[PDB]
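S.K.: PDB, C-alpha atoms (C1' of nucleotides), file final_22.pdb:
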```pdb
MODEL        1
ATOM      1  CA  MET U   1     166.370  91.749 -41.251
ATOM      2  CA  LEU U   2     165.061  88.788 -39.246
ATOM      3  CA  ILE U   3     166.031  86.862 -36.112
ATOM      4  CA  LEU U   4     164.144  83.963 -34.524
ATOM      5  CA  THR U   5     166.590  82.078 -32.220
ATOM      6  CA  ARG U   6     165.314  78.523 -32.625
ATOM      7  CA  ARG U   7     166.294  75.701 -30.257
ATOM      8  CA  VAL U   8     165.975  72.287 -31.936
ATOM      9  CA  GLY U   9     164.221  72.803 -35.247
ATOM     10  CA  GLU U  10     161.496  74.938 -36.800
ATOM     11  CA  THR U  11     160.832  74.935 -40.535
ATOM     12  CA  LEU U  12     161.243  77.706 -43.090
ATOM     13  CA  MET U  13     157.924  76.954 -44.863
ATOM     14  CA  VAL U  14     157.316  79.585 -47.511
ATOM     15  CA  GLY U  15     155.001  77.040 -49.144
ATOM     16  CA  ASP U  16     157.309  74.687 -51.045
ATOM     17  CA  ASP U  17     158.311  72.134 -48.344
ATOM     18  CA  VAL U  18     161.640  73.888 -47.682
ATOM     19  CA  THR U  19     162.483  73.316 -44.014
ATOM     20  CA  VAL U  20     165.421  74.571 -41.983
ATOM     21  CA  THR U  21     166.412  72.415 -38.993
ATOM     22  CA  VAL U  22     169.349  72.583 -36.576
ATOM     23  CA  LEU U  23     170.856  69.101 -36.319
ATOM     24  CA  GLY U  24     173.979  69.351 -34.168
ATOM     25  CA  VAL U  25     176.285  71.886 -32.581
ATOM     26  CA  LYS U  26     179.624  71.793 -30.777
ATOM     27  CA  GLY U  27     182.046  74.618 -30.086
ATOM     28  CA  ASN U  28     181.407  77.183 -32.820
ATOM     29  CA  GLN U  29     180.098  74.951 -35.614
ATOM     30  CA  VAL U  30     176.429  74.295 -36.376
ATOM     31  CA  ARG U  31     175.221  71.293 -38.338
ATOM     32  CA  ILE U  32     172.276  72.940 -40.111
ATOM     33  CA  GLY U  33     170.415  70.605 -42.481
ATOM     34  CA  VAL U  34     167.703  71.752 -44.891
ATOM     35  CA  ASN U  35     165.335  69.180 -46.404
ATOM     36  CA  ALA U  36     164.334  71.294 -49.382
ATOM     37  CA  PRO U  37     162.835  69.298 -52.284
ATOM     38  CA  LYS U  38     164.936  68.384 -55.295
ATOM     39  CA  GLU U  39     163.209  70.700 -57.788
ATOM     40  CA  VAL U  40     164.460  73.859 -56.053
ATOM     41  CA  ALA U  41     168.093  74.927 -56.400
ATOM     42  CA  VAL U  42     170.116  74.750 -53.177
ATOM     43  CA  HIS U  43     173.623  76.193 -53.010
ATOM     44  CA  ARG U  44     176.280  77.492 -50.644
ATOM     45  CA  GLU U  45     176.829  81.248 -51.013
ATOM     46  CA  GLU U  46     180.562  80.844 -51.559
ATOM     47  CA  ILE U  47     183.224  80.013 -54.196
ATOM     48  CA  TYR U  48     180.609  77.699 -55.780
ATOM     49  CA  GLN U  49     178.224  80.477 -56.819
ATOM     50  CA  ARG U  50     181.259  82.725 -57.378
ATOM     51  CA  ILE U  51     182.523  80.416 -60.127
ATOM     52  CA  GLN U  52     178.910  79.998 -61.280
ATOM     53  CA  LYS U  53     178.885  83.749 -61.917
ATOM     54  CA  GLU U  54     182.444  83.556 -63.317
ATOM     55  CA  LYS U  55     181.639  80.623 -65.636
TER      56      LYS U  55
ATOM     57  CA  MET S   1     168.797  65.399 -48.455
ATOM     58  CA  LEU S   2     170.618  67.498 -45.857
ATOM     59  CA  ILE S   3     173.688  69.688 -46.426
ATOM     60  CA  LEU S   4     175.275  71.311 -43.412
ATOM     61  CA  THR S   5     178.453  72.364 -41.492
ATOM     62  CA  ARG S   6     178.367  76.134 -41.878
ATOM     63  CA  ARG S   7     180.640  77.989 -39.454
ATOM     64  CA  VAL S   8     179.932  81.258 -37.637
ATOM     65  CA  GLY S   9     179.801  84.231 -39.985
ATOM     66  CA  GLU S  10     179.457  82.089 -43.105
ATOM     67  CA  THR S  11     176.388  82.159 -45.335
ATOM     68  CA  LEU S  12     174.414  79.409 -47.109
ATOM     69  CA  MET S  13     171.988  81.244 -49.418
ATOM     70  CA  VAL S  14     170.551  78.759 -51.912
ATOM     71  CA  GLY S  15     170.917  81.049 -54.936
ATOM     72  CA  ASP S  16     167.636  82.950 -54.752
ATOM     73  CA  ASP S  17     166.252  85.876 -52.746
ATOM     74  CA  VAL S  18     166.762  84.113 -49.404
ATOM     75  CA  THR S  19     169.971  85.442 -47.763
ATOM     76  CA  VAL S  20     170.242  82.884 -44.954
ATOM     77  CA  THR S  21     173.247  82.938 -42.602
ATOM     78  CA  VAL S  22     174.127  82.381 -38.955
ATOM     79  CA  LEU S  23     174.128  85.461 -36.702
ATOM     80  CA  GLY S  24     176.356  84.113 -33.939
ATOM     81  CA  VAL S  25     176.061  81.501 -31.216
ATOM     82  CA  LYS S  26     175.391  81.816 -27.474
ATOM     83  CA  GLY S  27     176.529  78.306 -26.623
ATOM     84  CA  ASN S  28     173.520  75.980 -26.786
ATOM     85  CA  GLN S  29     171.454  78.553 -28.704
ATOM     86  CA  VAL S  30     171.538  79.631 -32.337
ATOM     87  CA  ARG S  31     171.069  83.077 -33.887
ATOM     88  CA  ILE S  32     169.476  82.672 -37.312
ATOM     89  CA  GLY S  33     167.685  85.039 -39.648
ATOM     90  CA  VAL S  34     167.134  86.121 -43.234
ATOM     91  CA  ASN S  35     166.579  89.237 -45.334
ATOM     92  CA  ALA S  36     164.138  87.528 -47.690
ATOM     93  CA  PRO S  37     161.348  89.814 -48.970
ATOM     94  CA  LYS S  38     157.896  89.798 -47.412
ATOM     95  CA  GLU S  39     156.337  88.409 -50.617
ATOM     96  CA  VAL S  40     157.497  84.977 -49.437
ATOM     97  CA  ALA S  41     156.411  84.062 -45.918
ATOM     98  CA  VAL S  42     159.083  82.630 -43.613
ATOM     99  CA  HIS S  43     157.729  81.498 -40.249
ATOM    100  CA  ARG S  44     158.603  79.388 -37.213
ATOM    101  CA  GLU S  45     157.054  76.111 -35.953
ATOM    102  CA  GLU S  46     153.482  74.685 -35.857
ATOM    103  CA  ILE S  47     152.901  77.375 -33.196
ATOM    104  CA  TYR S  48     152.959  79.825 -36.121
ATOM    105  CA  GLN S  49     151.654  77.689 -38.970
ATOM    106  CA  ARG S  50     148.469  76.656 -37.157
ATOM    107  CA  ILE S  51     147.331  80.146 -38.136
ATOM    108  CA  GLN S  52     148.288  79.120 -41.683
ATOM    109  CA  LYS S  53     146.168  75.976 -41.278
ATOM    110  CA  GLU S  54     143.457  77.983 -39.409
ATOM    111  CA  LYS S  55     143.712  75.764 -36.323
TER     112      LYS S  55
ATOM    113  CA  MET J   1     192.164  48.403  -8.760
ATOM    114  CA  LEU J   2     192.064  52.208  -8.869
ATOM    115  CA  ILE J   3     192.303  52.737 -12.626
ATOM    116  CA  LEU J   4     192.831  56.339 -13.730
ATOM    117  CA  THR J   5     192.163  58.013 -17.074
ATOM    118  CA  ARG J   6     192.021  61.321 -18.951
ATOM    119  CA  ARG J   7     189.310  63.501 -20.485
ATOM    120  CA  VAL J   8     188.677  66.977 -21.778
ATOM    121  CA  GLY J   9     184.999  65.992 -21.536
ATOM    122  CA  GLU J  10     182.586  63.407 -23.026
ATOM    123  CA  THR J  11     183.763  60.326 -21.133
ATOM    124  CA  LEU J  12     182.537  56.764 -21.677
ATOM    125  CA  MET J  13     182.185  53.585 -19.636
ATOM    126  CA  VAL J  14     180.936  50.699 -21.760
ATOM    127  CA  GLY J  15     178.320  48.311 -20.420
ATOM    128  CA  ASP J  16     176.149  51.139 -19.126
ATOM    129  CA  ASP J  17     175.998  52.960 -22.503
ATOM    130  CA  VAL J  18     173.270  55.416 -21.441
ATOM    131  CA  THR J  19     174.580  57.812 -18.759
ATOM    132  CA  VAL J  20     178.277  57.918 -17.851
ATOM    133  CA  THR J  21     179.096  61.530 -18.717
ATOM    134  CA  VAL J  22     178.633  64.609 -16.578
ATOM    135  CA  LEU J  23     181.773  66.388 -17.723
ATOM    136  CA  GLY J  24     181.208  70.123 -18.118
ATOM    137  CA  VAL J  25     182.870  73.090 -16.442
ATOM    138  CA  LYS J  26     182.134  76.678 -15.424
ATOM    139  CA  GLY J  27     185.237  77.089 -13.250
ATOM    140  CA  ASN J  28     184.811  74.533 -10.489
ATOM    141  CA  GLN J  29     182.089  71.921 -11.072
ATOM    142  CA  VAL J  30     180.472  69.674 -13.706
ATOM    143  CA  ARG J  31     178.000  71.173 -16.134
ATOM    144  CA  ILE J  32     177.036  69.157 -19.228
ATOM    145  CA  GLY J  33     174.233  66.623 -19.611
ATOM    146  CA  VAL J  34     171.316  65.689 -21.834
ATOM    147  CA  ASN J  35     169.359  62.665 -20.565
ATOM    148  CA  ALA J  36     169.425  59.961 -17.893
ATOM    149  CA  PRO J  37     167.046  57.067 -17.112
ATOM    150  CA  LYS J  38     165.434  55.734 -13.942
ATOM    151  CA  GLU J  39     166.898  52.247 -14.430
ATOM    152  CA  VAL J  40     170.345  53.678 -13.569
ATOM    153  CA  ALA J  41     170.020  54.395  -9.858
ATOM    154  CA  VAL J  42     172.129  57.232  -8.440
ATOM    155  CA  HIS J  43     173.533  58.282  -5.062
ATOM    156  CA  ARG J  44     175.211  61.564  -4.128
ATOM    157  CA  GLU J  45     178.114  62.078  -1.693
ATOM    158  CA  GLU J  46     176.653  59.700   0.955
ATOM    159  CA  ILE J  47     173.260  61.407   0.445
ATOM    160  CA  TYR J  48     170.655  58.572   0.657
ATOM    161  CA  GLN J  49     173.610  56.171   0.610
ATOM    162  CA  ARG J  50     173.620  56.408   4.402
ATOM    163  CA  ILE J  51     169.870  55.758   4.566
ATOM    164  CA  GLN J  52     170.174  52.806   2.163
ATOM    165  CA  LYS J  53     173.011  51.390   4.262
ATOM    166  CA  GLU J  54     170.773  51.831   7.327
ATOM    167  CA  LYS J  55     167.405  50.659   5.968
TER     168      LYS J  55
ATOM    169  CA  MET V   1     165.829  65.159 -17.783
ATOM    170  CA  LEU V   2     167.730  63.863 -14.733
ATOM    171  CA  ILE V   3     171.002  65.810 -15.124
ATOM    172  CA  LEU V   4     173.021  66.005 -11.899
ATOM    173  CA  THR V   5     175.951  68.053 -10.613
ATOM    174  CA  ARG V   6     177.961  67.354  -7.460
ATOM    175  CA  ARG V   7     181.177  68.373  -5.693
ATOM    176  CA  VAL V   8     184.510  67.745  -7.421
ATOM    177  CA  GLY V   9     186.181  66.955  -4.113
ATOM    178  CA  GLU V  10     185.026  63.334  -4.115
ATOM    179  CA  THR V  11     182.261  61.251  -5.655
ATOM    180  CA  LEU V  12     180.590  57.853  -5.382
ATOM    181  CA  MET V  13     177.505  55.997  -6.626
ATOM    182  CA  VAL V  14     175.123  53.183  -5.617
ATOM    183  CA  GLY V  15     176.535  50.238  -3.710
ATOM    184  CA  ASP V  16     176.331  47.319  -6.136
ATOM    185  CA  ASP V  17     179.174  48.841  -8.200
ATOM    186  CA  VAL V  18     182.297  50.467  -6.790
ATOM    187  CA  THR V  19     182.665  53.567  -8.881
ATOM    188  CA  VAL V  20     184.363  56.772  -9.955
ATOM    189  CA  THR V  21     186.573  59.249  -8.042
ATOM    190  CA  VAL V  22     187.957  62.657  -9.094
ATOM    191  CA  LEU V  23     191.597  63.781  -9.088
ATOM    192  CA  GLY V  24     192.562  66.660 -11.392
ATOM    193  CA  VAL V  25     191.353  69.914 -12.923
ATOM    194  CA  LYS V  26     192.887  71.945 -15.770
ATOM    195  CA  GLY V  27     190.503  74.235 -17.662
ATOM    196  CA  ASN V  28     188.347  71.892 -19.728
ATOM    197  CA  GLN V  29     190.766  68.984 -19.271
ATOM    198  CA  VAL V  30     190.220  66.803 -16.216
ATOM    199  CA  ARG V  31     191.836  63.714 -14.706
ATOM    200  CA  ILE V  32     189.329  60.989 -13.810
ATOM    201  CA  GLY V  33     189.992  58.039 -11.531
ATOM    202  CA  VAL V  34     187.627  55.101 -11.106
ATOM    203  CA  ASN V  35     187.760  52.451  -8.384
ATOM    204  CA  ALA V  36     186.033  49.924 -10.665
ATOM    205  CA  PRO V  37     185.693  46.086 -10.601
ATOM    206  CA  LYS V  38     188.524  45.414 -13.116
ATOM    207  CA  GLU V  39     186.685  42.429 -14.709
ATOM    208  CA  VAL V  40     183.650  44.499 -15.869
ATOM    209  CA  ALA V  41     183.984  45.586 -19.508
ATOM    210  CA  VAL V  42     185.142  49.215 -19.298
ATOM    211  CA  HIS V  43     186.437  51.237 -22.250
ATOM    212  CA  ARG V  44     186.470  54.734 -23.741
ATOM    213  CA  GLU V  45     185.559  55.773 -27.290
ATOM    214  CA  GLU V  46     188.810  54.899 -29.071
ATOM    215  CA  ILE V  47     189.102  51.479 -30.738
ATOM    216  CA  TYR V  48     186.542  49.223 -29.048
ATOM    217  CA  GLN V  49     183.633  50.491 -31.152
ATOM    218  CA  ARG V  50     185.607  49.739 -34.316
ATOM    219  CA  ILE V  51     186.507  46.240 -33.133
ATOM    220  CA  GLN V  52     182.846  45.672 -32.225
ATOM    221  CA  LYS V  53     182.013  46.719 -35.787
ATOM    222  CA  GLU V  54     184.577  44.090 -36.797
ATOM    223  CA  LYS V  55     182.857  41.532 -34.550
TER     224      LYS V  55
ATOM    225  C1'   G X   1     174.656  88.776 -20.993
ATOM    226  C1'   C X   2     176.676  89.919 -15.897
ATOM    227  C1'   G X   3     176.521  87.275 -11.741
ATOM    228  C1'   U X   4     175.544  84.551  -7.056
ATOM    229  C1'   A X   5     176.003  80.565  -3.995
ATOM    230  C1'   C X   6     173.249  76.334  -4.104
ATOM    231  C1'   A X   7     169.637  72.832  -2.682
ATOM    232  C1'   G X   8     168.831  67.524  -2.739
ATOM    233  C1'   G X   9     166.141  63.454  -4.572
ATOM    234  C1'   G X  10     166.940  61.889  -9.591
ATOM    235  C1'   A X  11     165.524  68.412 -11.659
ATOM    236  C1'   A X  12     169.132  72.768 -19.071
ATOM    237  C1'   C X  13     167.431  75.183 -14.365
ATOM    238  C1'   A X  14     167.713  77.468  -8.467
ATOM    239  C1'   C X  15     167.290  83.188  -7.772
ATOM    240  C1'   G X  16     168.763  88.467  -8.593
ATOM    241  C1'   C X  17     169.962  92.464 -12.032
ATOM    242  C1'   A X  18     170.369  93.846 -16.838
ATOM    243  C1'   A X  19     168.246  92.531 -21.914
ATOM    244  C1'   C X  20     162.841  92.342 -24.430
ATOM    245  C1'   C X  21     157.699  93.533 -25.142
ATOM    246  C1'   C X  22     153.075  95.838 -23.789
ATOM    247  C1'   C X  23     149.854  99.212 -20.975
ATOM    248  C1'   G X  24     148.329 103.384 -18.019
ATOM    249  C1'   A X  25     148.997 108.474 -15.982
ATOM    250  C1'   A X  26     149.212 113.891 -14.388
ATOM    251  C1'   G X  27     151.859 118.500 -19.988
ATOM    252  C1'   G X  28     158.615 121.971 -14.795
ATOM    253  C1'   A X  29     156.866 116.156 -12.805
ATOM    254  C1'   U X  30     158.795 112.103 -16.018
ATOM    255  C1'   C X  31     156.250 108.211 -12.875
ATOM    256  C1'   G X  32     154.066 103.451 -11.940
ATOM    257  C1'   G X  33     152.409  98.553 -13.376
ATOM    258  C1'   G X  34     152.117  93.694 -16.115
ATOM    259  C1'   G X  35     154.388  89.658 -18.148
ATOM    260  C1'   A X  36     157.998  85.849 -20.762
ATOM    261  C1'   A X  37     158.316  85.351 -26.360
ATOM    262  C1'   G X  38     157.480  87.623 -30.698
ATOM    263  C1'   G X  39     158.564  89.051 -36.165
ATOM    264  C1'   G X  40     159.912  91.203 -42.333
ATOM    265  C1'   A X  41     165.087  95.264 -37.471
ATOM    266  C1'   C X  42     170.223  95.069 -44.108
ATOM    267  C1'   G X  43     171.593  92.901 -35.712
ATOM    268  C1'   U X  44     174.434  92.664 -31.152
ATOM    269  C1'   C X  45     179.087  94.677 -28.503
ATOM    270  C1'   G X  46     182.517 100.251 -28.395
ATOM    271  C1'   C X  47     183.910 105.610 -30.188
ATOM    272  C1'   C X  48     184.624 110.652 -33.319
ATOM    273  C1'   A X  49     181.403 117.049 -34.770
ATOM    274  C1'   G X  50     179.071 123.558 -36.668
ATOM    275  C1'   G X  51     176.822 127.699 -37.454
ATOM    276  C1'   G X  52     171.581 122.275 -37.289
ATOM    277  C1'   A X  53     177.151 116.304 -39.803
ATOM    278  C1'   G X  54     179.003 112.475 -42.204
ATOM    279  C1'   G X  55     182.050 108.774 -40.454
ATOM    280  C1'   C X  56     185.775 104.318 -37.737
ATOM    281  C1'   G X  57     187.279  98.924 -35.272
ATOM    282  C1'   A X  58     182.798  94.024 -36.255
ATOM    283  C1'   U X  59     182.537  86.843 -35.010
ATOM    284  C1'   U X  60     186.007  85.111 -32.395
ATOM    285  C1'   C X  61     188.834  75.270 -32.942
ATOM    286  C1'   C X  62     193.712  80.159 -38.634
ATOM    287  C1'   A X  63     190.335  72.810 -38.377
ATOM    288  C1'   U X  64     189.854  70.590 -43.705
ATOM    289  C1'   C X  65     187.333  68.072 -47.409
ATOM    290  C1'   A X  66     183.153  69.145 -50.168
ATOM    291  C1'   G X  67     177.148  68.654 -51.982
ATOM    292  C1'   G X  68     169.906  66.521 -52.805
ATOM    293  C1'   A X  69     173.219  61.672 -47.422
ATOM    294  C1'   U X  70     168.945  62.782 -39.694
ATOM    295  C1'   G X  71     177.884  63.745 -44.579
ATOM    296  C1'   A X  72     182.903  62.659 -43.172
ATOM    297  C1'   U X  73     187.835  63.394 -41.268
ATOM    298  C1'   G X  74     190.223  65.379 -36.825
ATOM    299  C1'   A X  75     191.914  67.049 -32.980
ATOM    300  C1'   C X  76     200.082  64.839 -26.866
ATOM    301  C1'   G X  77     199.888  59.327 -25.701
ATOM    302  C1'   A X  78     197.871  53.623 -26.911
ATOM    303  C1'   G X  79     197.406  49.721 -23.858
ATOM    304  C1'   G X  80     194.715  50.543 -19.251
ATOM    305  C1'   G X  81     194.262  48.926 -13.494
ATOM    306  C1'   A X  82     198.652  53.906 -12.282
ATOM    307  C1'   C X  83     196.968  59.850  -6.105
ATOM    308  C1'   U X  84     198.752  57.579 -14.290
ATOM    309  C1'   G X  85     202.478  59.361 -17.875
ATOM    310  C1'   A X  86     205.686  62.418 -21.339
ATOM    311  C1'   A X  87     207.227  67.214 -22.466
ATOM    312  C1'   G X  88     207.239  73.115 -22.829
ATOM    313  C1'   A X  89     206.976  77.982 -20.498
ATOM    314  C1'   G X  90     206.597  81.115 -16.224
ATOM    315  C1'   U X  91     205.919  82.448 -10.906
ATOM    316  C1'   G X  92     207.811  82.905  -6.375
ATOM    317  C1'   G X  93     209.065  79.748  -2.076
ATOM    318  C1'   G X  94     213.289  76.760  -1.351
ATOM    319  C1'   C X  95     217.718  73.128  -1.299
ATOM    320  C1'   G X  96     222.501  72.450  -3.188
ATOM    321  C1'   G X  97     226.953  73.482  -6.933
ATOM    322  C1'   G X  98     229.933  77.060  -9.748
ATOM    323  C1'   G X  99     230.984  82.367 -10.679
ATOM    324  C1'   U X 100     231.503  86.176  -7.193
ATOM    325  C1'   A X 101     237.798  90.566  -2.133
ATOM    326  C1'   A X 102     232.889  89.985   0.252
ATOM    327  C1'   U X 103     227.624  91.722  -0.141
ATOM    328  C1'   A X 104     224.438  92.336  -4.069
ATOM    329  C1'   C X 105     223.581  90.008  -8.650
ATOM    330  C1'   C X 106     224.728  85.810 -13.137
ATOM    331  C1'   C X 107     224.548  80.486 -14.697
ATOM    332  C1'   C X 108     223.377  74.819 -13.796
ATOM    333  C1'   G X 109     220.621  70.418 -11.295
ATOM    334  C1'   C X 110     216.071  68.955  -8.153
ATOM    335  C1'   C X 111     210.814  69.682  -5.277
ATOM    336  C1'   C X 112     206.247  72.312  -5.147
ATOM    337  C1'   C X 113     202.320  76.133  -7.717
ATOM    338  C1'   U X 114     199.916  78.391 -12.469
ATOM    339  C1'   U X 115     199.469  77.650 -17.726
ATOM    340  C1'   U X 116     200.056  75.057 -22.722
ATOM    341  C1'   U X 117     200.112  69.977 -26.158
ATOM    342  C1'   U X 118     192.640  65.498 -27.702
TER     343        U X 118
ENDMDL
END
```
Take the structure in the file and write it out as structure tokens.
M.R.:
Amino acid sequence: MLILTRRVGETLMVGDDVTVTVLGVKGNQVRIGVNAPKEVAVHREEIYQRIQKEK
Amino acid sequence: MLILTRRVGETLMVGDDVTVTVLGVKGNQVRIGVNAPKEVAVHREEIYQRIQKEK
Amino acid sequence: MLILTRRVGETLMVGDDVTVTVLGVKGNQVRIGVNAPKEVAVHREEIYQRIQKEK
Amino acid sequence: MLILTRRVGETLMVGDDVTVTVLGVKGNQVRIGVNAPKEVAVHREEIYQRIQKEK
RNA sequence: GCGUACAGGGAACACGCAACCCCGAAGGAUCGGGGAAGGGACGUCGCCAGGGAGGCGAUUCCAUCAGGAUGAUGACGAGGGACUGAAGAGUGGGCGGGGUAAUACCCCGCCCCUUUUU
């Protein structure tokens, strides 16, 4: 429900040092790196969490 | 600490109530947003966390 | 003498290593660029080249 | 940030180095000719970076 | 997003119109301003109806591997010193050769133009 249209990098910052940042882009592919801390669970919403649900 | 290379249309939700994905690309600009609930506070840069730091 | 080469964009001449690439397109001309220093002097199509050949 | 754009009919640079010309145009692909001093180290991004990593 | 054609001193913007936001005003008359950034929009871009609807196409390098690392691998051609090269397709303009009572039309070779293979 949101849209912000960043340019270089602006954090996420819900209060747990999770920060979105655009690193690189060419063509139609965006290097988007997130320096979230290690205690939170990061994942790709794909076949990974699909087989996590289908464990 | 940075995991990246998500193509247009793909999603990268970390496994919680985040729902982060790319919303298209206008060349050198990015379209990015979430449908995270308003209980957690997602914001842009220091231009919108200086209100969070009261400065 | 007149060495020729090929690009789809993002050219390179070693030795300079800072600004060798203006290789974009919008139909007729060059478009892409990020940064360039003042230590690499430039001259357009005889523009200021004539005045530096004069005085 | 000192990004230029000139005519694709012909091109030149400052006088201490004899420099690039322009020959072809095909979409994003482009033929580049340079009237360069052969002796000066000139290379593209193919193998020379790897052999400099070797050296 | 649509565009436009630049201007030179070194500038991802140069301008217009859309797009966006906010304000005011007279209740057959719908008018005018201001800006360039905000937020909790399950988005942007196109269409279909009875006795006051519910619907349909929709992400565009088919790359290809994954993982706590300002990740990687690639993308027709490597040396280069060349108005480079190798191909493929098509357009017509042509030049010839064969077919063709003849004309018209069919096939083959070469030059130029557009497009495809980082």
S.K.: On this file, the PyMOL selection byres ((chain V) within 8 of (chain X)) gives some set of residues; write that set as a ChimeraX atom specification.
M.R.: /V:1-4,23,38
S.K.: Please report, as AutoDock Vina command-line options, the centre and edge lengths in Å to one decimal of an axis-aligned box covering all listed atoms of range 32-35 of chain J with 8 Å per side.
M.R.:
```
--center_x 173.2 --center_y 65.9 --center_z -20.5 --size_x 23.7 --size_y 22.5 --size_z 18.6
```
S.K.: Just give me the gap between CA of residue 27 in chain S and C1' of residue 75 in chain X in Å, one decimal is fine.
M.R.: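 Spanning CA of residue 27 in chain S to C1' of residue 75 in chain X is a straight-line distance of 20.1 Å.
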S.K.: So which one's closest to chain S, U:9, U:24, U:15, U:33? Using all atoms listed in the file, please.
M.R.: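 Among U:9, U:24, U:15, U:33, it is U:33 that comes nearest to chain S.
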S.K.: Produce a table with one row for each residue of chain U that has an atom at most 8 Å from any atom of chain S, each row naming the nearest atom pair and its distance in Å at one decimal; use only C-alpha atoms; arrange rows by chain and rising residue number; format as a tab-separated table.
M.R.:
```
residue	atom	partner	partner_atom	distance
U:1	CA	S:35	CA	4.8
U:2	CA	S:33	CA	4.6
U:3	CA	S:33	CA	4.3
U:4	CA	S:32	CA	6.2
U:5	CA	S:31	CA	4.9
U:6	CA	S:30	CA	6.3
U:7	CA	S:29	CA	6.1
U:9	CA	S:45	CA	7.9
U:10	CA	S:45	CA	4.7
U:11	CA	S:44	CA	6.0
U:12	CA	S:42	CA	5.4
U:13	CA	S:42	CA	5.9
U:14	CA	S:41	CA	4.8
U:15	CA	S:41	CA	7.9
U:25	CA	S:28	CA	7.6
U:27	CA	S:27	CA	7.5
U:28	CA	S:8	CA	6.5
U:29	CA	S:7	CA	4.9
U:30	CA	S:5	CA	5.8
U:31	CA	S:5	CA	4.6
U:32	CA	S:4	CA	4.7
U:33	CA	S:2	CA	4.6
U:34	CA	S:2	CA	5.2
U:35	CA	S:1	CA	5.5
U:36	CA	S:1	CA	7.5
U:41	CA	S:14	CA	6.4
U:42	CA	S:14	CA	4.2
U:43	CA	S:14	CA	4.2
U:44	CA	S:12	CA	4.4
U:45	CA	S:12	CA	4.9
U:46	CA	S:11	CA	7.6
U:49	CA	S:15	CA	7.6
```
S.K.: For the full set of C-alpha atoms taken in order, report to one decimal the RMSD after fitting chain S onto chain V.
M.R.: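 The superposed chains show a C-alpha RMSD of 2.3 Å.
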S.K.: What does the distance from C1' of residue 73 in chain X to CA of residue 18 in chain U come to in Å, to one decimal?
M.R.: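 The value is 28.9 Å.
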